[PDB]
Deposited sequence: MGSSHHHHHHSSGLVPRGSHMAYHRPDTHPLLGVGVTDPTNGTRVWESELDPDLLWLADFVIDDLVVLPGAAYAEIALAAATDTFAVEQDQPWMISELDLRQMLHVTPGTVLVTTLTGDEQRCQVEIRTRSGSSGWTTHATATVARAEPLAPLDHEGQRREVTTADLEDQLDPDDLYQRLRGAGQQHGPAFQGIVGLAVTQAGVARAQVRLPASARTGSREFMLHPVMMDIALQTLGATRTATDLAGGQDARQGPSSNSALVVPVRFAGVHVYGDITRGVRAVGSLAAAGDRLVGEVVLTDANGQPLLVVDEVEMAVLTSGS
């Protein structure tokens, strides 16, 4: 009945802050599947998940998706070592607040990995010739570079890129990531699975590893597990690879809208 990533938390009466602590491990669920150069890093998507549940455990809301993510900076990666404790802090109001996700050293030393801003949620054909692409080349490309994705993250079963740069991918939630997923507000693997569609976009498909540093405008409208198609596009600005993905269900309705996915090497 407890969120395996946020952990239980209490409120600090001296100020207005609220803290959360959670035990992390490479054995926790699908964490082992994300790997950057043989290390169990934490996927960027996860932070967004934790940032939302914090506002949910703090405020009373009678909606299935009352929160949207405004800004999401990611300062340093998190090596998931055994016995790692994850510390989260919330501060603000129900219209808008702030969330910091840090890692604890001993008991009085911490290292922040992601600062966030959360607010209330908002309301909901010419020459794009697709060249059918093999996913096991991307995965291989991605893995080759140094991003050995795990089975639970191999959700792209089919994908192609248009003659303009936009990438279209048929995604699904593999069963290994389906274990213990009702506790989430926004699955962290899907959101990554939606993000890795940027590996097929034109600007990406000529650099022969890219990591997402900052997000902006992450909108959730429905349970994102019911998603089968993601449309990925990105541009560049020197070192500013800005992106934009959208995850939609069978009937074309939107589920996940990510306005800006600024990336870097």
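*Wait, which stretches of the deposited chain are just not there in the structure?*
Seq positions lacking coordinates: 1-26, 151-162, 247-260, 318-322.
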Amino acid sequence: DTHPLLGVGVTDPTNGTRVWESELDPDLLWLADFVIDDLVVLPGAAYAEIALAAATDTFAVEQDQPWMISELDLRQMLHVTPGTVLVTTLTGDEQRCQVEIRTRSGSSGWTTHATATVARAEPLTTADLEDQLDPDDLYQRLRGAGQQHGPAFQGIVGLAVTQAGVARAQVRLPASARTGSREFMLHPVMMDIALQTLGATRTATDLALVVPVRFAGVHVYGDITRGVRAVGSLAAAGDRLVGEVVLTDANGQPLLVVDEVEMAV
From here on, numbers count along this sequence of modelled residues.
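*Select between 79-87 and 177-185 the stretch whose C-alpha atoms have the higher average B-factor in the entry.*
Between 177-185 and 79-87, it is 177-185 that shows the higher mean C-alpha B-factor.
*Averaging only over Cα atoms, indicate whether 138-146 or 188-196 has the higher B-factor in the PDB entry.*
The stretch with the larger average C-alpha B-factor is 138-146.
*Just grab whichever of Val118, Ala152, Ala127, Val166 has the top CA B-factor as deposited.*
In the PDB entry, the greatest C-alpha B-factor among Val118, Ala152, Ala127, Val166 is found at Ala127.
*Considering only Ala230, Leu207, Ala46, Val220, which residue's Cα atom bears the greatest B-factor as recorded?*
Within the set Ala230, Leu207, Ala46, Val220, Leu207 shows the top C-alpha B-factor.
_Third assignment of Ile101 from its chain's C-alpha B-factors_ = Within its chain, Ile101 is a lowest-third residue by C-alpha B-factor, going by the deposited values.
*Give the position of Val10 by CA B-factor within its chain, expressed as the lowest, middle or highest third.*
Middle third by C-alpha B-factor.
*Check where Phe59 lands among this chain's C-alpha B-factors and tell me if it's the lowest, middle or highest third.*
Its C-alpha B-factor belongs to the middle third of this chain's values.
*asked:* Please say which third, lowest, middle or highest, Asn251 falls into when its CA temperature factor is compared across its chain.
replied: Its C-alpha B-factor belongs to the highest third of this chain's values.
*Divide the modelled residues of the chain into thirds by Cα B-factor and specify which third, lowest, middle or highest, holds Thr203.*
As the PDB entry reports it, the C-alpha B-factor of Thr203 lands in the highest third of its chain.
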